[PDB]
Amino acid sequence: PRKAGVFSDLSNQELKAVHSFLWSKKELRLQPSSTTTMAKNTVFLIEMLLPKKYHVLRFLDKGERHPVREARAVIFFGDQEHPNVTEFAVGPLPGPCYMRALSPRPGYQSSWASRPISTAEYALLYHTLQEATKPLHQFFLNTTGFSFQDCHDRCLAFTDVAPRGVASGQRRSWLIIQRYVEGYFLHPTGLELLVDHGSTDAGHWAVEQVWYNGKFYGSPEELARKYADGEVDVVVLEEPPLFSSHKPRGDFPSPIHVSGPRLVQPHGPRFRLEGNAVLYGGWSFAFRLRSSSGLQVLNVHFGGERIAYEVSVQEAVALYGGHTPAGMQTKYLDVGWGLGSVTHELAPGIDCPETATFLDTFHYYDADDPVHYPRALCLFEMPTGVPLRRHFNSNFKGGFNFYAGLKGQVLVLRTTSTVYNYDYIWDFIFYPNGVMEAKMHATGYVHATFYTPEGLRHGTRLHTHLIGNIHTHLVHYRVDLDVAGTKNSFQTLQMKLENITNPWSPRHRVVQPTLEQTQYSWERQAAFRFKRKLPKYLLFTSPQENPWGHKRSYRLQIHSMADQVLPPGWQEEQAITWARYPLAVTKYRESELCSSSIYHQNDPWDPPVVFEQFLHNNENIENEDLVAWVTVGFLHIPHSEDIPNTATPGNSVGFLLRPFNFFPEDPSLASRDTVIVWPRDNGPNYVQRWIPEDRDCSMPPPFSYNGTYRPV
């Protein structure tokens, strides 16, 4: 509440303040993001710029002054001879006085082409594509029944892929032309266009290449002449619902006419929410939605003792192959698209339980004013349907000495990212026994292309005209564990057999397990590449010992199917060198807070952060502020079941943090939810309890869904 305020995202008022401040500086010549020109200076992003960890810890632990509060302000400088992007620490909040230019990068010339694509830019792009396809109007109507001009009922739409070209400083986008219908992602026409939209005058932008149904055509006029002259082999496209729709069809042979079970919370939340500060049994932690990178949890304690200064989403990637130029061009990095800013409204009873506590926020990303995002996050406790622990202590003669068990519950902090086609559900999950989990579930629409037969060596035919392209999902977390404090060491444990004389039968031998430990002293020792077999136990230790002599530690357990995807060193792989390492441990530093950025998507050849560089000074990691970095992911080969959407079952990855000799015993023993039943020969067994059995009823508030996200 009062403490966690340091970790809190910017209020509507705070965002408006920083905006007025920057607008008051007339020399910036700022214009709203909506202006219909690239030739413009604009404030593209504003978010809370976290203070130094040193000062934050002195405020939290040493009772010191509250650290100064600061905005990050990403300004696009389109309106000048040499356009660029610059970032700025605007502070203090409240009462802004300065804007301090952030992280200079000498040598680099391509900041302008590395920019994310804005709303305005898309608008202008829609203008280009309308002009340049003028010659193909007839072609469109004959092949698709749709068009870019007038169009009314049947409009052709497009999906830009990224990155945009073949080298740094390029902004040449492959656009996949589709029919704008329900779930338009699944309706490619077969046309693809390369548009150079590099210039700040949209008048110089041009369609530099055409691809149709397996063939390149140079220009639209050329495809038009060649079609008109019978030289283009074309494909003419087509109650019941669209295959691309979520509307039901088919019948289960055992049909279902009622709602399934739901959660009731008659006694209210058992966690205490206050601002961005949560308490839940042993747990205490803060959170934030960083507009740029996504969801975080900060200052995580269990039982008064710190475990993690920060756990946060760093980058989310989708790397594709293809038969078509667009399909082979696609390496999507979502932080270039505002992964934290596409946190669209959760639907009660669907996305989160009806009983969940829904939380709003504001994002200033490619916006004229701060934008209200309703139910951007939810927080809720749910039954797991599996008991946290249980034991049937039998007496092996017909009866029992006792049954004990603690019904399973968990607190879930959830948000989403829906950039375009895909919907990622982000989870941070807190068990009563000190285990924390991180999960990502993928759902929504797959990224897909027009079917030709050559495209089956890069994916799967999902429908008559639809190829689901092969791709890898990879996600990077930053896991700043501060186990029982700032200073830690990292160690790993393996089982190693020993071959020894049988001590009670000297003729024979005993080959058996033995607990082997490995210390790690330098960063590079703890950079585990995908070929390097990952040790079964990954422990981040405190020097303090538990009551039984063992180092107090937290274990990191990764759930993933990731492998190496791009060849190390090759081109666009420079943007995702974190993807070489399922685990990497660095020594903490203010210069290495993020493994990605908003610029990586459009200049992955020469990005402003290469995670590999973090390891270059190969620093000593004995008793230092350590940071774990985790890559989780999976190879997604589309299948017919992904139509209309990828389903979440089994489509999740993440990791667990588990206490390991951190607590003297099971820290969930504090829970009064436990139930022990004791045997009696005569009458009812003694159902021993510490909370009364409850069977109360309550009723959730009625369903509602706004679906809009505007300023306030």
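In case it trips you up, residue 1 is the first one in the sequence shown, and so on. So that the term is clear: the rigid core is the largest set of C-alpha atoms that superpose within 1.5 Å between two forms.
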Report the stretch with the higher root mean square CA deviation, pooled over structures and residues in 4 other deposited structures of this protein, choosing between 148 to 156 and 334 to 342 after a rigid core fit.
-> 148 to 156
Between 253 to 261 and 99 to 107, the one drifting more in C-alpha RMS in 4 other deposited structures of this protein once the core is aligned is 99 to 107
Does residue 238, which is modelled here, drop out in at least a third of the other compared PDB entries?
-> yes
From residue 231 to residue 232, how many deposited residues does the entry skip: none, 1 to 3, 4 to 9, or 10 or more?
-> none
Mean Cα B-factor comparison, 417 to 425 or 118 to 126, giving the higher one as deposited = 118 to 126
For the stretches 568 to 576 and 200 to 208, which has the higher mean C-alpha B-factor as given in the deposited record?
-> 200 to 208
Identify, among 498, 619, 345, 368, the residue whose C-alpha carries the highest B-factor in the deposited PDB entry.
-> 368
Peak C-alpha temperature factor (PDB record), options 477, 599, 185, 227 = 227
Going by what the PDB entry lists, where does residue 54 fall on CA B-factor within its chain: lowest, middle or highest third?
-> highest
Within this chain, which third does the Cα B-factor at residue 591 fall in: lowest, middle or highest?
-> middle
Residue 387: CA B-factor among chain residues, third -> lowest
When the modelled residues of the chain are sorted by Cα temperature factor, does residue 278 land in the lowest, middle or highest third?
-> lowest
Temperature factor at the Cα of residue 510, chain-ranked in thirds, falls in the middle
